[PDB]
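Okay, entry_23.csv is below, CSV, N, CA and C atoms:
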chain,number,residue,atom,x,y,z
I,1,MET,N,15.4,-6.4,-19.2
I,1,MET,CA,15.2,-7.2,-18.0
I,1,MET,C,15.7,-6.4,-16.8
I,2,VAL,N,15.1,-6.5,-15.6
I,2,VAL,CA,15.6,-5.9,-14.4
I,2,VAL,C,16.9,-6.5,-13.9
I,3,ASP,N,18.0,-5.7,-13.9
I,3,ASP,CA,19.2,-6.0,-13.2
I,3,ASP,C,18.9,-5.7,-11.7
I,4,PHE,N,18.7,-6.7,-10.9
I,4,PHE,CA,18.3,-6.6,-9.5
I,4,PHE,C,19.2,-5.7,-8.7
I,5,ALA,N,20.5,-6.0,-8.7
I,5,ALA,CA,21.5,-5.3,-8.0
I,5,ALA,C,21.6,-3.8,-8.4
I,6,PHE,N,21.6,-3.6,-9.7
I,6,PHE,CA,21.6,-2.2,-10.2
I,6,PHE,C,20.4,-1.4,-9.8
I,7,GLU,N,19.2,-1.9,-10.1
I,7,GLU,CA,18.0,-1.2,-9.8
I,7,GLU,C,17.7,-1.0,-8.3
I,8,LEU,N,18.1,-2.0,-7.5
I,8,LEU,CA,18.0,-1.9,-6.0
I,8,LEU,C,18.9,-0.8,-5.5
I,9,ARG,N,20.1,-0.7,-5.9
I,9,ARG,CA,21.0,0.4,-5.5
I,9,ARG,C,20.5,1.7,-6.0
I,10,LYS,N,20.0,1.7,-7.3
I,10,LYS,CA,19.4,2.9,-7.9
I,10,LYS,C,18.2,3.5,-7.1
I,11,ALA,N,17.4,2.5,-6.6
I,11,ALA,CA,16.3,2.9,-5.7
I,11,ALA,C,16.8,3.5,-4.4
I,12,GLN,N,17.8,2.9,-3.8
I,12,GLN,CA,18.4,3.3,-2.6
I,12,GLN,C,19.0,4.7,-2.7
I,13,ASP,N,19.6,5.0,-3.8
I,13,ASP,CA,20.3,6.3,-4.1
I,13,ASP,C,19.4,7.4,-4.5
I,14,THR,N,18.4,7.1,-5.3
I,14,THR,CA,17.5,8.1,-5.9
I,14,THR,C,16.1,8.2,-5.3
I,15,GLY,N,15.8,7.1,-4.5
I,15,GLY,CA,14.4,7.1,-4.0
I,15,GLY,C,14.5,7.0,-2.4
I,16,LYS,N,13.8,6.0,-1.9
I,16,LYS,CA,13.8,5.8,-0.4
I,16,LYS,C,13.5,4.4,-0.2
I,17,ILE,N,14.4,3.7,0.5
I,17,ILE,CA,14.2,2.3,1.0
I,17,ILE,C,14.5,2.3,2.5
I,18,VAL,N,13.8,1.4,3.2
I,18,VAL,CA,14.0,1.2,4.6
I,18,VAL,C,14.3,-0.3,4.8
I,19,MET,N,15.3,-0.5,5.7
I,19,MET,CA,15.9,-1.8,5.9
I,19,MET,C,15.4,-2.5,7.2
I,20,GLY,N,15.1,-3.8,7.1
I,20,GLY,CA,14.8,-4.6,8.3
I,20,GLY,C,13.4,-5.1,8.3
I,21,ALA,N,13.1,-6.2,9.0
I,21,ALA,CA,11.8,-6.8,9.1
I,21,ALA,C,10.8,-5.8,9.9
I,22,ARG,N,11.3,-5.2,11.0
I,22,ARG,CA,10.4,-4.4,11.8
I,22,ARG,C,9.8,-3.2,10.9
I,23,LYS,N,10.7,-2.5,10.3
I,23,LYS,CA,10.3,-1.3,9.4
I,23,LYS,C,9.5,-1.8,8.2
I,24,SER,N,9.9,-2.9,7.6
I,24,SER,CA,9.1,-3.5,6.5
I,24,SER,C,7.7,-3.8,6.9
I,25,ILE,N,7.5,-4.3,8.1
I,25,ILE,CA,6.1,-4.6,8.6
I,25,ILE,C,5.3,-3.3,8.9
I,26,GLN,N,5.9,-2.4,9.6
I,26,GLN,CA,5.3,-1.1,9.8
I,26,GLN,C,4.8,-0.4,8.6
I,27,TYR,N,5.6,-0.4,7.6
I,27,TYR,CA,5.2,0.2,6.3
I,27,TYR,C,4.1,-0.6,5.6
I,28,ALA,N,4.2,-1.9,5.7
I,28,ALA,CA,3.2,-2.8,5.2
I,28,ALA,C,1.8,-2.5,5.8
I,29,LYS,N,1.8,-2.4,7.2
I,29,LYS,CA,0.5,-2.1,7.9
I,29,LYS,C,-0.2,-0.8,7.5
I,30,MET,N,0.6,0.2,7.3
I,30,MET,CA,0.2,1.5,6.9
I,30,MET,C,0.0,1.7,5.4
I,31,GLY,N,0.4,0.7,4.6
I,31,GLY,CA,0.3,0.7,3.1
I,31,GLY,C,1.3,1.6,2.5
I,32,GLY,N,2.4,1.8,3.2
I,32,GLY,CA,3.4,2.8,2.8
I,32,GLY,C,4.5,2.3,1.9
I,33,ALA,N,4.7,1.0,1.8
I,33,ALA,CA,5.7,0.5,0.9
I,33,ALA,C,5.1,0.2,-0.5
I,34,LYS,N,5.9,0.3,-1.5
I,34,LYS,CA,5.5,-0.1,-2.9
I,34,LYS,C,6.0,-1.5,-3.3
I,35,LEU,N,7.0,-2.0,-2.5
I,35,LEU,CA,7.5,-3.3,-2.7
I,35,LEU,C,8.2,-3.7,-1.5
I,36,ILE,N,8.1,-5.0,-1.1
I,36,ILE,CA,8.9,-5.5,0.0
I,36,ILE,C,9.7,-6.7,-0.6
I,37,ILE,N,11.0,-6.6,-0.3
I,37,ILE,CA,12.0,-7.6,-0.8
I,37,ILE,C,12.4,-8.4,0.4
I,38,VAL,N,12.4,-9.7,0.4
I,38,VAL,CA,12.8,-10.6,1.5
I,38,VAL,C,13.9,-11.5,0.9
I,39,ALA,N,15.0,-11.7,1.7
I,39,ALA,CA,16.0,-12.7,1.4
I,39,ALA,C,15.4,-14.1,1.6
I,40,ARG,N,16.0,-15.0,0.8
I,40,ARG,CA,15.4,-16.3,0.8
I,40,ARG,C,15.5,-17.0,2.2
I,41,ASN,N,16.5,-16.6,3.0
I,41,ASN,CA,16.7,-17.2,4.3
I,41,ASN,C,16.1,-16.3,5.4
I,42,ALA,N,15.3,-15.3,5.1
I,42,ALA,CA,14.6,-14.6,6.1
I,42,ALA,C,13.8,-15.6,7.0
I,43,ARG,N,13.8,-15.3,8.3
I,43,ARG,CA,13.2,-16.2,9.3
I,43,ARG,C,11.7,-16.6,8.8
I,44,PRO,N,11.4,-17.9,8.7
I,44,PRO,CA,10.1,-18.3,8.2
I,44,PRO,C,8.9,-17.5,8.7
I,45,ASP,N,8.8,-17.3,10.0
I,45,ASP,CA,7.6,-16.6,10.6
I,45,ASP,C,7.6,-15.1,10.2
I,46,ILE,N,8.8,-14.5,10.1
I,46,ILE,CA,8.9,-13.1,9.6
I,46,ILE,C,8.5,-13.0,8.2
I,47,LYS,N,9.0,-13.9,7.3
I,47,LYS,CA,8.6,-13.9,5.9
I,47,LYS,C,7.1,-14.0,5.8
I,48,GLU,N,6.5,-14.9,6.6
I,48,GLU,CA,5.1,-15.1,6.6
I,48,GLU,C,4.3,-13.9,7.1
I,49,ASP,N,4.8,-13.2,8.1
I,49,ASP,CA,4.2,-12.0,8.6
I,49,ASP,C,4.2,-10.9,7.5
I,50,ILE,N,5.4,-10.7,6.9
I,50,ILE,CA,5.6,-9.8,5.8
I,50,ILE,C,4.6,-10.1,4.7
I,51,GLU,N,4.5,-11.3,4.3
I,51,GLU,CA,3.6,-11.7,3.2
I,51,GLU,C,2.2,-11.4,3.5
I,52,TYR,N,1.8,-11.7,4.8
I,52,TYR,CA,0.5,-11.4,5.3
I,52,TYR,C,0.1,-10.0,5.2
I,53,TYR,N,0.9,-9.1,5.9
I,53,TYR,CA,0.6,-7.7,5.9
I,53,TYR,C,0.7,-7.0,4.6
I,54,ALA,N,1.5,-7.5,3.7
I,54,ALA,CA,1.6,-7.0,2.3
I,54,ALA,C,0.4,-7.3,1.5
I,55,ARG,N,-0.1,-8.6,1.7
I,55,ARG,CA,-1.3,-9.0,1.1
I,55,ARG,C,-2.6,-8.2,1.5
I,56,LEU,N,-2.6,-7.8,2.8
I,56,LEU,CA,-3.7,-7.0,3.2
I,56,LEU,C,-3.8,-5.7,2.5
I,57,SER,N,-2.7,-5.1,2.1
I,57,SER,CA,-2.6,-3.8,1.5
I,57,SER,C,-2.3,-3.9,0.0
I,58,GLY,N,-2.2,-5.1,-0.6
I,58,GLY,CA,-1.9,-5.2,-2.0
I,58,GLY,C,-0.5,-4.8,-2.4
I,59,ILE,N,0.5,-4.9,-1.5
I,59,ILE,CA,1.9,-4.6,-1.7
I,59,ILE,C,2.5,-5.9,-2.2
I,60,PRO,N,3.2,-5.8,-3.4
I,60,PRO,CA,3.9,-7.0,-3.9
I,60,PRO,C,5.1,-7.3,-3.0
I,61,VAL,N,5.4,-8.6,-2.9
I,61,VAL,CA,6.5,-9.1,-2.2
I,61,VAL,C,7.4,-9.8,-3.2
I,62,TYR,N,8.7,-9.5,-3.2
I,62,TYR,CA,9.7,-10.2,-4.1
I,62,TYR,C,10.7,-10.9,-3.2
I,63,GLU,N,10.9,-12.2,-3.5
I,63,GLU,CA,11.9,-13.0,-2.8
I,63,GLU,C,13.3,-12.9,-3.6
I,64,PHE,N,14.2,-12.3,-3.0
I,64,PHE,CA,15.6,-12.2,-3.5
I,64,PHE,C,16.2,-13.6,-3.4
I,65,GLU,N,16.8,-14.0,-4.5
I,65,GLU,CA,17.4,-15.4,-4.6
I,65,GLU,C,18.6,-15.7,-3.7
I,66,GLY,N,19.2,-14.6,-3.1
I,66,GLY,CA,20.4,-14.8,-2.3
I,66,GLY,C,20.1,-14.7,-0.8
I,67,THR,N,21.1,-14.8,0.0
I,67,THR,CA,21.0,-14.8,1.5
I,67,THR,C,20.9,-13.4,2.0
I,68,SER,N,20.6,-13.2,3.3
I,68,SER,CA,20.6,-12.0,3.9
I,68,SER,C,22.0,-11.3,4.0
I,69,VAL,N,23.0,-12.1,3.9
I,69,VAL,CA,24.4,-11.6,3.8
I,69,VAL,C,24.6,-10.9,2.4
I,70,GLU,N,24.2,-11.6,1.4
I,70,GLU,CA,24.3,-11.1,0.0
I,70,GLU,C,23.5,-9.8,-0.2
I,71,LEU,N,22.3,-9.8,0.4
I,71,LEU,CA,21.4,-8.6,0.3
I,71,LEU,C,22.0,-7.4,1.1
I,72,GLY,N,22.5,-7.7,2.3
I,72,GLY,CA,23.2,-6.6,3.1
I,72,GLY,C,24.4,-6.1,2.3
I,73,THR,N,25.2,-7.0,1.7
I,73,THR,CA,26.3,-6.5,0.9
I,73,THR,C,25.9,-5.7,-0.3
I,74,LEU,N,24.9,-6.1,-1.0
I,74,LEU,CA,24.3,-5.3,-2.1
I,74,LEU,C,24.0,-3.9,-1.6
I,75,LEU,N,23.4,-3.8,-0.4
I,75,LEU,CA,22.9,-2.5,0.1
I,75,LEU,C,24.0,-1.7,0.8
I,76,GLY,N,25.2,-2.1,0.7
I,76,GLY,CA,26.4,-1.4,1.3
I,76,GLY,C,26.5,-1.6,2.8
I,77,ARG,N,25.9,-2.6,3.4
I,77,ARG,CA,26.0,-2.8,4.8
I,77,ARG,C,26.9,-4.0,5.2
I,78,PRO,N,27.6,-3.9,6.3
I,78,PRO,CA,28.4,-4.9,6.9
I,78,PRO,C,27.7,-6.0,7.7
I,79,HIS,N,26.4,-5.9,7.7
I,79,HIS,CA,25.5,-6.8,8.5
I,79,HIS,C,24.4,-7.4,7.6
I,80,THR,N,23.7,-8.4,8.1
I,80,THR,CA,22.7,-9.0,7.3
I,80,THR,C,21.5,-8.1,7.1
I,81,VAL,N,20.8,-8.2,6.0
I,81,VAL,CA,19.5,-7.6,5.8
I,81,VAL,C,18.5,-8.7,5.3
I,82,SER,N,17.5,-9.0,6.1
I,82,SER,CA,16.6,-10.1,5.8
I,82,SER,C,15.4,-9.6,5.0
I,83,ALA,N,15.1,-8.3,5.1
I,83,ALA,CA,14.0,-7.7,4.4
I,83,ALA,C,14.2,-6.2,4.3
I,84,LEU,N,13.6,-5.6,3.2
I,84,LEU,CA,13.6,-4.2,3.1
I,84,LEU,C,12.3,-3.7,2.4
I,85,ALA,N,12.0,-2.5,2.5
I,85,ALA,CA,10.8,-1.9,1.8
I,85,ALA,C,11.2,-0.8,0.9
I,86,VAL,N,10.7,-0.8,-0.3
I,86,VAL,CA,10.9,0.3,-1.2
I,86,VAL,C,9.7,1.2,-1.0
I,87,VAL,N,10.0,2.3,-0.4
I,87,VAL,CA,8.9,3.4,-0.2
I,87,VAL,C,8.8,4.3,-1.4
I,88,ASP,N,9.9,4.6,-2.1
I,88,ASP,CA,10.0,5.4,-3.2
I,88,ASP,C,11.0,4.8,-4.2
I,89,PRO,N,10.6,4.4,-5.4
I,89,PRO,CA,11.6,3.8,-6.3
I,89,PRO,C,12.6,4.8,-6.9
I,90,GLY,N,12.4,6.1,-6.7
I,90,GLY,CA,13.3,7.1,-7.3
I,90,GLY,C,13.2,7.0,-8.8
I,91,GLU,N,14.3,6.9,-9.4
I,91,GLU,CA,14.4,6.9,-10.9
I,91,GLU,C,14.6,5.4,-11.4
I,92,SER,N,14.5,4.5,-10.4
I,92,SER,CA,14.7,3.1,-10.7
I,92,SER,C,13.5,2.3,-11.3
I,93,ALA,N,13.8,1.2,-11.8
I,93,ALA,CA,12.8,0.3,-12.4
I,93,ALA,C,12.5,-0.9,-11.4
I,94,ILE,N,12.9,-0.8,-10.1
I,94,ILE,CA,12.8,-1.9,-9.1
I,94,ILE,C,11.3,-2.4,-9.0
I,95,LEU,N,10.3,-1.6,-9.2
I,95,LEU,CA,9.0,-2.0,-9.0
I,95,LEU,C,8.4,-3.0,-10.0
I,96,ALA,N,9.1,-3.1,-11.2
I,96,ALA,CA,8.8,-4.1,-12.2
I,96,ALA,C,8.8,-5.5,-11.6
I,97,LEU,N,9.6,-5.7,-10.5
I,97,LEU,CA,9.7,-7.0,-9.8
I,97,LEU,C,8.3,-7.5,-9.2
I,98,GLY,N,7.4,-6.5,-9.0
I,98,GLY,CA,6.1,-6.8,-8.4
I,98,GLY,C,5.2,-7.4,-9.4
I,99,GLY,N,5.6,-7.5,-10.7
I,99,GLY,CA,4.8,-8.2,-11.7
I,99,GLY,C,3.7,-7.3,-12.3

Structure translated into structure tokens:
Amino acid sequence: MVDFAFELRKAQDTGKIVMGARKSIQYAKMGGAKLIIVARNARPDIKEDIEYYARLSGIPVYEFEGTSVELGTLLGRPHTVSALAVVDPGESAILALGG
């Protein structure tokens, strides 16, 4: 089974992830992300925009069970992270979350 925290960090360290709604949308429009992860408390309209642009490109979206605080903490940040895009999974199995 995917250990979310482990594989997310492994993606961050060995691949390429980009943090935040703005960047997540940009990558979604260009079809540049392989997965978008949204915190469960991401702003409703932002979550909906992400889901929309991801759907246009066939990019899977995964909702993280925790808050933007918990997601930021997982990513080593002292601030909230509401969404992120996995551009390159590196050596990780994070993309299995796309189903």

* To do: Show which residues sit within 6 Å of stretch 11-24 of chain I, as a PyMOL selection string. Count all atoms listed in the file, and ignore same-chain residues fewer than 3 positions away.
  => chain I and resi 6-8+27-28+81-92

- Item | Surrounding residues of residue I:99 excluding itself and chain neighbours under 6 positions, 10 Å, only C-alpha atoms, as a PyMOL selection string | chain I and resi 60-62

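Taking only stretch 5-99 of chain I, the residues that DSSP calls strand (DSSP E or B) from the backbone come to residues 16, 17, 18, 19, 35, 36, 37, 38, 39, 61, 62, 63, 64, 83, 84, 85, 86, 87 and 88 of chain I.
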
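Among the candidate residues I:9, I:78, I:96, I:67, the one lying nearest to residue I:42 is I:67, with distances computed using only N, CA and C atoms.
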
- Message: Using DSSP secondary structure from the backbone, list all alpha helix (DSSP H) positions within chain I, as a VMD selection string.
- Response: chain I and resid 4 to 14 21 to 30 44 to 57 68 to 74

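Of note, atom CA of residue I:52 and atom CA of residue I:33 are spaced 13.7 Å apart.
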
Atom CA of residue I:63 to atom N of residue I:26 measures 17.4 Å

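You can rank I:10, I:56, I:49, I:43 by their closest distance to residue I:31 using all atoms listed in the file, and at the top of that list sits I:56.
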
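Distance-wise, atom CA of residue I:68 and atom CA of residue I:40 end up 7.4 Å apart.
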
If you count only C-alpha atoms, the residue of I:59, I:30, I:54, I:37 closest to residue I:4 turns out to be I:37

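Here the question is which of I:57, I:38, I:97, I:51 gets nearest to residue I:69 using only C-alpha atoms, and that residue is I:38.
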
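With only C-alpha atoms as the basis for measurement, I:53 is the residue among I:39, I:53, I:3, I:64 that approaches residue I:25 most closely.
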
Counting all atoms listed in the file, the residue among I:35, I:58, I:66, I:75 that lies closest to residue I:95 is I:35
